[PDB]
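S.K.: can you look at this? It's an experimental structure, sequence on top.
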Amino acid sequence: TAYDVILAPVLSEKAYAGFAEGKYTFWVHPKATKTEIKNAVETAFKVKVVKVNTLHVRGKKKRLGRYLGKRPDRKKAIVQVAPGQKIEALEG
Amino acid sequence: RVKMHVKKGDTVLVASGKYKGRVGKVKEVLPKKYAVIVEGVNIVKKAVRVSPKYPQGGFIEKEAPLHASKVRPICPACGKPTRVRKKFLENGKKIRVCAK
Amino acid sequence: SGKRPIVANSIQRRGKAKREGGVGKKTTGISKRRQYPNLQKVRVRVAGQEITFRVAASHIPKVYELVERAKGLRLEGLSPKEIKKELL
Amino acid sequence: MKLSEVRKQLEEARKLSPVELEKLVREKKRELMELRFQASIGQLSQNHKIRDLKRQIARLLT
RNA sequence: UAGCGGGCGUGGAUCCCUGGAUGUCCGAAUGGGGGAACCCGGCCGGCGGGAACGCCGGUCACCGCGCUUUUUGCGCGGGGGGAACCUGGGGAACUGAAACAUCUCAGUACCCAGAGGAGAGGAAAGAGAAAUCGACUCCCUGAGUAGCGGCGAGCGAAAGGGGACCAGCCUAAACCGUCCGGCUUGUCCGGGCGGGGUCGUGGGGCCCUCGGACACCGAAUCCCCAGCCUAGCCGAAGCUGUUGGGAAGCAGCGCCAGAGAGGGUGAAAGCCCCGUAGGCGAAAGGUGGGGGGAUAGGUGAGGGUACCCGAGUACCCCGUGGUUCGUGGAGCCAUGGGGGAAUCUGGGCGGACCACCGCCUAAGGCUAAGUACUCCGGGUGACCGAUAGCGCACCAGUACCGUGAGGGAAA
RNA sequence: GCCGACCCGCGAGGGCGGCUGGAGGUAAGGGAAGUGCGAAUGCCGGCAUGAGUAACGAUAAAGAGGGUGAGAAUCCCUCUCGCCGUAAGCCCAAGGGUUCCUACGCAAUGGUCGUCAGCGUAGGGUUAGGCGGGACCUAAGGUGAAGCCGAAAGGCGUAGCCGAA
RNA sequence: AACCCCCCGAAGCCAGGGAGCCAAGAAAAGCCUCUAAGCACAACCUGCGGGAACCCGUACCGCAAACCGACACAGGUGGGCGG
Ligand SMILES: [Mg+2]
Ligand SMILES: [Mg+2]
Ligand SMILES: [Mg+2]
Ligand SMILES: [Mg+2]
Ligand SMILES: [Mg+2]
Ligand SMILES: [Mg+2]
Ligand SMILES: [Mg+2]
Ligand SMILES: [Mg+2]
Ligand SMILES: [Mg+2]
Ligand SMILES: [Mg+2]
Ligand SMILES: [Mg+2]
Ligand SMILES: [Mg+2]
Ligand SMILES: [Mg+2]
Ligand SMILES: [Mg+2]
Ligand SMILES: [Mg+2]
Ligand SMILES: [Mg+2]
Ligand SMILES: [Mg+2]
Ligand SMILES: [Mg+2]
Ligand SMILES: [Mg+2]
Ligand SMILES: [Mg+2]
Ligand SMILES: [Mg+2]
Ligand SMILES: [Mg+2]
Ligand SMILES: [Mg+2]
Ligand SMILES: [Mg+2]
Ligand SMILES: [Mg+2]
Ligand SMILES: [Mg+2]
Ligand SMILES: [Mg+2]
Ligand SMILES: [Mg+2]
Ligand SMILES: [Mg+2]
Ligand SMILES: [Mg+2]
Ligand SMILES: [Mg+2]
Ligand SMILES: [Mg+2]
Ligand SMILES: [Mg+2]
Ligand SMILES: [Mg+2]
Ligand SMILES: [Mg+2]
Ligand SMILES: [Mg+2]
Ligand SMILES: [Mg+2]
Ligand SMILES: [Mg+2]
Ligand SMILES: [Mg+2]
Ligand SMILES: [Mg+2]
Ligand SMILES: [Mg+2]
Ligand SMILES: [Mg+2]
Ligand SMILES: [Mg+2]
Ligand SMILES: [Mg+2]
Ligand SMILES: [Mg+2]
Ligand SMILES: [Mg+2]
Ligand SMILES: [Mg+2]
Ligand SMILES: [Mg+2]
Ligand SMILES: [Mg+2]
Ligand SMILES: [Mg+2]
Ligand SMILES: [Mg+2]
Ligand SMILES: [Mg+2]
Ligand SMILES: [Mg+2]
Ligand SMILES: [Mg+2]
Ligand SMILES: [Mg+2]
Ligand SMILES: [Mg+2]
Ligand SMILES: [Mg+2]
Ligand SMILES: [Mg+2]
Ligand SMILES: [Mg+2]
Ligand SMILES: [Mg+2]
Ligand SMILES: [Mg+2]
Ligand SMILES: [Mg+2]
Ligand SMILES: [Mg+2]
Ligand SMILES: [Mg+2]
Ligand SMILES: [Mg+2]
Ligand SMILES: [Mg+2]
Ligand SMILES: [Mg+2]
Ligand SMILES: [Mg+2]
Ligand SMILES: [Mg+2]
Ligand SMILES: [Mg+2]
Ligand SMILES: [Mg+2]
Ligand SMILES: [Mg+2]
Ligand SMILES: [Mg+2]
Ligand SMILES: [Mg+2]
Ligand SMILES: [Mg+2]
Ligand SMILES: [Mg+2]
Ligand SMILES: [Mg+2]
Ligand SMILES: [Mg+2]
Ligand SMILES: [Mg+2]
Ligand SMILES: [Mg+2]
Ligand SMILES: [Mg+2]
Ligand SMILES: [Mg+2]
Ligand SMILES: [Mg+2]
Ligand SMILES: [Mg+2]
Ligand SMILES: [Mg+2]
Ligand SMILES: [Mg+2]
Ligand SMILES: [Mg+2]
Ligand SMILES: [Mg+2]
Ligand SMILES: [Mg+2]
Ligand SMILES: [Mg+2]
Ligand SMILES: [Mg+2]
Ligand SMILES: [Mg+2]
Ligand SMILES: [Mg+2]
Ligand SMILES: [Mg+2]
Ligand SMILES: [Mg+2]
Ligand SMILES: [Mg+2]
Ligand SMILES: [Mg+2]
Ligand SMILES: [Mg+2]
Ligand SMILES: [Mg+2]
Ligand SMILES: [Mg+2]
Ligand SMILES: [Mg+2]
Ligand SMILES: [Mg+2]
Ligand SMILES: [Mg+2]
Ligand SMILES: [Mg+2]
Ligand SMILES: [Mg+2]
Ligand SMILES: [Mg+2]
Ligand SMILES: [Mg+2]
Ligand SMILES: [Mg+2]
Ligand SMILES: [Mg+2]
Ligand SMILES: [Mg+2]
Ligand SMILES: [Mg+2]
Ligand SMILES: [Mg+2]
Ligand SMILES: [Mg+2]
Ligand SMILES: [Mg+2]
Ligand SMILES: [Mg+2]
Ligand SMILES: [Mg+2]
Ligand SMILES: [Mg+2]
Ligand SMILES: [Mg+2]
Ligand SMILES: [Mg+2]
Ligand SMILES: [Mg+2]
Ligand SMILES: [Mg+2]
Ligand SMILES: [Mg+2]
Ligand SMILES: [Mg+2]
Ligand SMILES: [Mg+2]
Ligand SMILES: [Mg+2]
Ligand SMILES: [Mg+2]
Ligand SMILES: [Mg+2]
Ligand SMILES: [Mg+2]
Ligand SMILES: [Mg+2]
Ligand SMILES: [Mg+2]
Ligand SMILES: [Mg+2]
Ligand SMILES: [Mg+2]
Ligand SMILES: [Mg+2]
Ligand SMILES: [Mg+2]
Ligand SMILES: [Mg+2]
Ligand SMILES: [Mg+2]
Ligand SMILES: [Mg+2]
Ligand SMILES: [Mg+2]
Ligand SMILES: [Mg+2]
Ligand SMILES: [Mg+2]
Ligand SMILES: [Mg+2]
Ligand SMILES: [Mg+2]
Ligand SMILES: [Mg+2]
Ligand SMILES: [Mg+2]
Ligand SMILES: [Mg+2]
Ligand SMILES: [Mg+2]
Ligand SMILES: [Mg+2]
Ligand SMILES: [Mg+2]
Ligand SMILES: [Mg+2]
Ligand SMILES: [Mg+2]
Ligand SMILES: [Mg+2]
Ligand SMILES: [Mg+2]
Ligand SMILES: [Mg+2]
Ligand SMILES: [Mg+2]
Ligand SMILES: [Mg+2]
Ligand SMILES: [Mg+2]
Ligand SMILES: [Mg+2]
Ligand SMILES: [Mg+2]
Ligand SMILES: [Mg+2]
Ligand SMILES: [Mg+2]
Ligand SMILES: [Mg+2]
Ligand SMILES: [Mg+2]
Ligand SMILES: [Mg+2]
Ligand SMILES: [Mg+2]
Ligand SMILES: [Mg+2]
Ligand SMILES: [Mg+2]
Ligand SMILES: [Mg+2]
Ligand SMILES: [Mg+2]
Ligand SMILES: [Mg+2]
Ligand SMILES: [Mg+2]
Ligand SMILES: [Mg+2]
Ligand SMILES: [Mg+2]
Ligand SMILES: [Mg+2]
Ligand SMILES: [Mg+2]
Ligand SMILES: [Mg+2]
Ligand SMILES: [Mg+2]
Ligand SMILES: [Mg+2]
Ligand SMILES: [Mg+2]
Ligand SMILES: [Mg+2]
Ligand SMILES: [Mg+2]
Ligand SMILES: [Mg+2]
Ligand SMILES: [Mg+2]
Ligand SMILES: [Mg+2]
């Protein structure tokens, strides 16, 4: 288990402005160390991360009809790949 | 379970109302509502369509479902109840006094 | 409390004051009250170490009689409480 | 019907078994991520691929 | 639960039953901490370049009992939950008495500990007037009797009779043997294990005379099966007219019935659909002396000896409780305090006490059934039909209210 | 259910006829009860009167031009005027929990209006070895091996542990 | 782009400053030092090189229309700046 820590790429101009730099950010498992993120994306994209950042994202509360609702919580992680490499996968 | 009932996808007579006597192959059987689709009850829906995709949808008078009780299966002889006989191995269903 | 050879929980029971003659009549006035078991502490040597006993006054001898039975027992090595347990 | 298929493949996965189980799982796992990664972007996803792959993993895991 | 999107199924999917797998975190919650669902960690192993760092798997709470060389360890067990029922420990007041204090409400309400599909009780130191009965529980009766009672208000037994169920066992002690340690070496003292013993027409121990193995009785424990629960399956007999939007209505001629219960189908159908009567069915899990088998266990006559027959106990007195019993002439049962025995010429009881006659053998334990309840499944109703019926027919213990316990709708 | 000037009954009521209504109803003769409402400052609900009335929540105060728009005293822009300035400005803590930002939108919420919004839909948005807290310490207090006490529940309680602005 | 003189000046900093007074003014860890067991190829101490550095909070409101007052309620809410 290791492709379970990285969930999916975050799609935001803010996430995109990060590609210009060495900063690829994406959704990650809620219970996950910055350390275990490192080794996970490392061995998932054949690159080497230098610096990792993390946010929690309190799920916004949507609703439908008279039924109150609560979107699941999530964890952002933004990684700094060693100066001079890239993720063509994230580039698209 | 137990939701099973009369016939399936094949030839069937309609002893309903607006389409009494008529006969035809049942193109669909939805067990949830206990109704079957034949060729009888076909009403005109005016609706353009519920989904915006594909602009033209159809003022089509397509087939309307039908209570699975008003339709009866059939064989060489017209309109028959359904007995069941266990084969020499499996489990086939003979009609009122014939086979299949 | 009461636990020991004895095993006598203190029990509550009426203490009713009467006013009367006896060979003329007899009336009253009631209330509830708790009767405690006369129980004393009983220190005793027993092999090595010493050992006490929050025991009833009634069964005081029962202790000494039981200290005798203990002679026919093998015990040693730091056993303050444990003695009590193994002590029948 | 795909069941009878893959099942035998797994006791067939007894060349190295617990080891190839793990090797094979890790693989199917990546394919899964690669999948949902593309599924999120939209223009690289159909559908039944996921659940089929998800349950695929399960029986391997067994 | 439609729709966008994409799939699967007679190479038998979905679905239903059974067993297995996975099963984050909290919760008895158990490595430690903690504002439950979070935070920190020790040891062994693994992952990353991995020593720092992080992750992964395993393991580490406390108490009790037995084994272990104090110890460290090893094993079995406990903890928390459950609608009501049950048992024990503790235990009200309103109210009644047309005030109120005894009394009543009531050992009820409730707090607490524990038990379990039940729980309690249980093979006489009984009942009580019949030289009678024969464990225990439950129902009918006895009986609103006997009786208790500021003899007010009130409270209220038992024997016996009719029923349900049906069952009786183990041990302590004498006495024989063994292993251990204590000590004043002894025919001993104590501890653990084995045999023996288990009763009231009194029994047992040891010593004598005799016929018992192959005799018989036999489980409440274990074993096999039957049967049943957890999915299912078979199941008789109708067609044409006709008014109608729609026949199952109406008319015509038939048919089944171990099935004319009921429900559904465009309206009022035995024969259209699902059923109903009748009848089949389990590889798997559960249940199961109902049937059978096996083992544990148990079974005798007469005579001498007078060794043993449950101790801070019986018994007596002081204080109280229970019973119909409120100190009454006050026993019986139970026991907080003080005194304090005997082992069958023993000892308790038959309502003070004494004598007489008879009853029963206390101070260790276990025992099914008949009985109670209904969270759960099913069946039935001179039961309700959305202001009813559960607070909830509807995403309700919700919304909303309150710091909280808690309150609690509408629809 | 709505209507009736008809018929029978002393009466409660019964019947017939018309309109609605669209799937149930239940003689004669008997049986059993949750059996008849106008009042309970009754209970639940609905709708009235007061009444187009009182009020529109600080007497810091407005005006004009242009724009957007179906629609503007109320939204945007410009200029003018006024009010606060130990505050009616700025930062932090508690509490609050997405109200921040953008796009589209005005049924309701806003005491009027509304294109506006703290409002409806959707998307985005919170980045730490050094800031705050935890892998540090102790305070009152709390907990609590030992130990002591209590019918049960539990009460004290050393070491230790928890506890901070 | 200049970014320089002169003056006023803290309750704030140096800080464990000083003086006086009676009502007589927290604890523990860090840090330093001492030595036990243990160990002395260790270990500790200073310097350099290389590597390692987790968990949670961070929007916005915050004297108020976003908190406590059933309400966009003239009330209420601790600390700092406040020309
Ligand atoms: Mg962070
Ligand atoms: Mg929505
Ligand atoms: Mg909801
Ligand atoms: Mg959710
Ligand atoms: Mg959800
Ligand atoms: Mg979701
Ligand atoms: Mg298409
Ligand atoms: Mg068209
Ligand atoms: Mg005690
Ligand atoms: Mg007298
Ligand atoms: Mg003494
Ligand atoms: Mg001594
Ligand atoms: Mg003591
Ligand atoms: Mg000992
Ligand atoms: Mg021991
Ligand atoms: Mg022990
Ligand atoms: Mg393995
Ligand atoms: Mg899926
Ligand atoms: Mg496997
Ligand atoms: Mg769905
Ligand atoms: Mg659909
Ligand atoms: Mg759509
Ligand atoms: Mg299963
Ligand atoms: Mg298994
Ligand atoms: Mg797993
Ligand atoms: Mg865990
Ligand atoms: Mg836990
Ligand atoms: Mg554990
Ligand atoms: Mg804990
Ligand atoms: Mg660790
Ligand atoms: Mg661990
Ligand atoms: Mg490790
Ligand atoms: Mg290496
Ligand atoms: Mg290594
Ligand atoms: Mg672990
Ligand atoms: Mg465990
Ligand atoms: Mg361990
Ligand atoms: Mg240990
Ligand atoms: Mg332990
Ligand atoms: Mg603890
Ligand atoms: Mg513990
Ligand atoms: Mg321990
Ligand atoms: Mg020791
Ligand atoms: Mg030790
Ligand atoms: Mg020990
Ligand atoms: Mg131990
Ligand atoms: Mg130890
Ligand atoms: Mg241990
Ligand atoms: Mg329990
Ligand atoms: Mg009273
Ligand atoms: Mg009176
Ligand atoms: Mg009075
Ligand atoms: Mg009283
Ligand atoms: Mg009483
Ligand atoms: Mg009592
Ligand atoms: Mg029973
Ligand atoms: Mg029982
Ligand atoms: Mg019992
Ligand atoms: Mg008993
Ligand atoms: Mg018992
Ligand atoms: Mg009795
Ligand atoms: Mg009964
Ligand atoms: Mg009677
Ligand atoms: Mg009485
Ligand atoms: Mg009485
Ligand atoms: Mg009474
Ligand atoms: Mg009787
Ligand atoms: Mg009888
Ligand atoms: Mg024996
Ligand atoms: Mg002996
Ligand atoms: Mg002896
Ligand atoms: Mg012996
Ligand atoms: Mg003995
Ligand atoms: Mg013994
Ligand atoms: Mg024996
Ligand atoms: Mg013998
Ligand atoms: Mg025997
Ligand atoms: Mg014998
Ligand atoms: Mg006996
Ligand atoms: Mg004898
Ligand atoms: Mg037998
Ligand atoms: Mg069996
Ligand atoms: Mg069978
Ligand atoms: Mg016809
Ligand atoms: Mg017809
Ligand atoms: Mg008719
Ligand atoms: Mg019938
Ligand atoms: Mg009819
Ligand atoms: Mg019918
Ligand atoms: Mg049947
Ligand atoms: Mg079958
Ligand atoms: Mg069978
Ligand atoms: Mg069983
Ligand atoms: Mg069995
Ligand atoms: Mg069976
Ligand atoms: Mg039976
Ligand atoms: Mg035998
Ligand atoms: Mg004989
Ligand atoms: Mg003689
Ligand atoms: Mg004698
Ligand atoms: Mg003798
Ligand atoms: Mg003797
Ligand atoms: Mg005894
Ligand atoms: Mg007596
Ligand atoms: Mg009494
Ligand atoms: Mg008495
Ligand atoms: Mg009494
Ligand atoms: Mg009484
Ligand atoms: Mg009296
Ligand atoms: Mg006494
Ligand atoms: Mg004697
Ligand atoms: Mg004797
Ligand atoms: Mg004697
Ligand atoms: Mg005798
Ligand atoms: Mg004698
Ligand atoms: Mg007498
Ligand atoms: Mg005589
Ligand atoms: Mg008697
Ligand atoms: Mg006895
Ligand atoms: Mg029973
Ligand atoms: Mg039920
Ligand atoms: Mg209603
Ligand atoms: Mg209504
Ligand atoms: Mg419901
Ligand atoms: Mg529903
Ligand atoms: Mg309310
Ligand atoms: Mg509130
Ligand atoms: Mg209320
Ligand atoms: Mg007329
Ligand atoms: Mg007339
Ligand atoms: Mg009239
Ligand atoms: Mg009429
Ligand atoms: Mg009508
Ligand atoms: Mg009727
Ligand atoms: Mg009023
Ligand atoms: Mg009024
Ligand atoms: Mg109202
Ligand atoms: Mg009005
Ligand atoms: Mg008006
Ligand atoms: Mg006026
Ligand atoms: Mg006003
Ligand atoms: Mg005004
Ligand atoms: Mg006015
Ligand atoms: Mg005004
Ligand atoms: Mg102009
Ligand atoms: Mg504009
Ligand atoms: Mg308008
Ligand atoms: Mg204007
Ligand atoms: Mg100023
Ligand atoms: Mg704050
Ligand atoms: Mg709020
Ligand atoms: Mg807009
Ligand atoms: Mg609006
Ligand atoms: Mg509007
Ligand atoms: Mg307003
Ligand atoms: Mg507009
Ligand atoms: Mg605008
Ligand atoms: Mg930084
Ligand atoms: Mg601390
Ligand atoms: Mg302290
Ligand atoms: Mg405490
Ligand atoms: Mg402990
Ligand atoms: Mg302390
Ligand atoms: Mg601390
Ligand atoms: Mg300068
Ligand atoms: Mg000053
Ligand atoms: Mg200092
Ligand atoms: Mg300082
Ligand atoms: Mg100073
Ligand atoms: Mg100085
Ligand atoms: Mg410390
Ligand atoms: Mg030294
Ligand atoms: Mg030295
Ligand atoms: Mg360098
Ligand atoms: Mg950590
Ligand atoms: Mg920030
Ligand atoms: Mg901010
Ligand atoms: Mg602000
Ligand atoms: Mg204010
Ligand atoms: Mg709010
Ligand atoms: Mg408020
Ligand atoms: Mg306002
Ligand atoms: Mg100033």
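M.R.: Received it, and whenever you're ready, just let me know what you need. Numbers count the residues shown, from 1 in each chain, chains lettered A, B, ... in the order given. Ligands and ions are numbered 1, 2, ... in the order given.
S.K.: need the three-state assignment for residue D:8.
M.R.: When the structure is split into helix, strand and coil by DSSP: H, G, I helix; E, B strand; the rest coil, residue D:8 lands in helix.
S.K.: where do the helices sit along chain D?
M.R.: With DSSP state H as the criterion, chain D has helices at D:2-11, D:18-41, D:49-61.
S.K.: and the ones you listed, which is most packed in?
M.R.: helix D:18-41 (a mean of 15; mean count of other C-beta atoms under 10 Å in any protein chain shown). From N, CA and C alone the C-beta is placed, and that goes for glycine too.
S.K.: quick one: is that one near RNA strand F?
M.R.: No. Applying C-beta under 7 Å from any atom of the strand, one finds helix D:18-41 separated from RNA strand F by no less than 10.0 Å.
S.K.: tell me which of the helices of chain D lies nearest to chain A.
M.R.: Among these, the nearest to chain A by C-beta to the nearest C-beta is helix D:18-41 (3.9 Å).
S.K.: dump that closest one to PDB, restricted to CA.
M.R.: What follows is helix D:18-41 as a C-alpha-only set of coordinates in PDB (Å, rounded to 0.1, in the frame of the first residue of the first chain):
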ATOM      1  CA  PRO D  18       2.500 -14.300  -1.000                       C
ATOM      2  CA  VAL D  19       5.400 -12.500  -2.700                       C
ATOM      3  CA  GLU D  20       3.700 -12.300  -6.100                       C
ATOM      4  CA  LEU D  21       0.400 -11.600  -4.400                       C
ATOM      5  CA  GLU D  22       2.100  -8.500  -3.000                       C
ATOM      6  CA  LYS D  23       3.900  -7.700  -6.200                       C
ATOM      7  CA  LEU D  24       0.700  -8.200  -8.200                       C
ATOM      8  CA  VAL D  25      -1.400  -6.200  -5.800                       C
ATOM      9  CA  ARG D  26       1.000  -3.300  -5.700                       C
ATOM     10  CA  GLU D  27       0.700  -3.300  -9.400                       C
ATOM     11  CA  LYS D  28      -3.000  -3.300  -9.600                       C
ATOM     12  CA  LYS D  29      -2.900  -0.600  -6.900                       C
ATOM     13  CA  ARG D  30      -0.800   1.700  -9.100                       C
ATOM     14  CA  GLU D  31      -3.100   1.000 -12.100                       C
ATOM     15  CA  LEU D  32      -5.900   2.100  -9.800                       C
ATOM     16  CA  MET D  33      -4.300   5.400  -8.900                       C
ATOM     17  CA  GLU D  34      -3.200   6.000 -12.400                       C
ATOM     18  CA  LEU D  35      -6.800   5.400 -13.200                       C
ATOM     19  CA  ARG D  36      -8.600   7.700 -10.700                       C
ATOM     20  CA  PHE D  37      -5.800  10.200 -11.400                       C
ATOM     21  CA  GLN D  38      -7.000  10.300 -15.000                       C
ATOM     22  CA  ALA D  39     -10.600   9.900 -14.000                       C
ATOM     23  CA  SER D  40     -10.400  13.200 -12.100                       C
ATOM     24  CA  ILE D  41      -9.100  15.100 -15.100                       C
END
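S.K.: who does that helix touch, helix- and strand-wise?
M.R.: With contacts defined as 3 or more C-beta pairs under 8 Å, 6 or more residues apart in numbering or on different chains; DSSP states H and E, the secondary structure elements packing on helix D:18-41 are strand A:6-9, helix D:49-61.
S.K.: got those as TSV, with distance to residue B:12 columns?
M.R.: Formatted as TSV, the entries for these read as follows, by distance: least, C-beta to C-beta, whole Å:
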stretch	distance to residue B:12
strand A:6-9	50
helix D:49-61	36
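S.K.: gap between the residue of chain D found nearest RNA strand G and RNA strand F?
M.R.: Per C-beta to the nearest atom of the strand, residue D:33 is where chain D lies closest to RNA strand G, at 20.3 Å. Distance check for residue D:33 against RNA strand F: by C-beta to the nearest atom of the strand, to the nearest Å, it reads 19 Å.
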